[PDB]
């Protein structure tokens, strides 16, 4: 049975980047529904007893994939943030890979922002690493996650409107720009 992941911060701790209200709905309602849906859809199927990751890696398009992908996406999303990150940029191997693959962190930010803002409709902008250690930015529609393509997901921006509408309404770009301030690079680095 799939369980709600625990937030490593209080509901109001990401203010003013993300409001308490947004967390209450985004985590407390949307993620809860996705978890509930996955627990309802799986019993008696080949997916019963599989991890979220394994479902995302295996399932074809459909409700199971949609819900598993959203569980995985939101889990990594919420757990990649911290109220007051020590570092506002990655170091070590991740830092070097970003310099190698994007020229610099600042250029990476620019490309990540553009992917986030340019994704039409609902989805996720993802930074991932492939099996040869190369980084990629992808636009995952709807509930998709880079695990399906055999990539290892490192950092994401949720550009479903529910992620920002109560705080930014239509101003997605403004929301995206603020997210950099709450990324917990220690968490992200450990995903490499």
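Residue numbers count along the first chain shown, from 1.
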Inset, instruction - Could you check which stretch, 119-127 or 37-45, carries the larger mean CA temperature factor in the entry? - result: 37-45
Inset, instruction - State the tercile, meaning the lowest, middle or highest third, of residue 172 with respect to the CA B-factors recorded for its chain. - result: lowest
Legend entry - Third of the chain's Cα B-factor distribution that residue 140 belongs to, per the entry: lowest
Inset, instruction - Grab the CA temperature factor for residue 105 from the record and place it in the lowest, middle or highest third of its chain. - result: highest
Inset, instruction - Would you check the entry's CA temperature factor for residue 72 and let me know if it's in the chain's lowest, middle or highest third? - result: lowest
Legend entry - CA B-factor ranking of residue 11, expressed as a third of its chain: middle
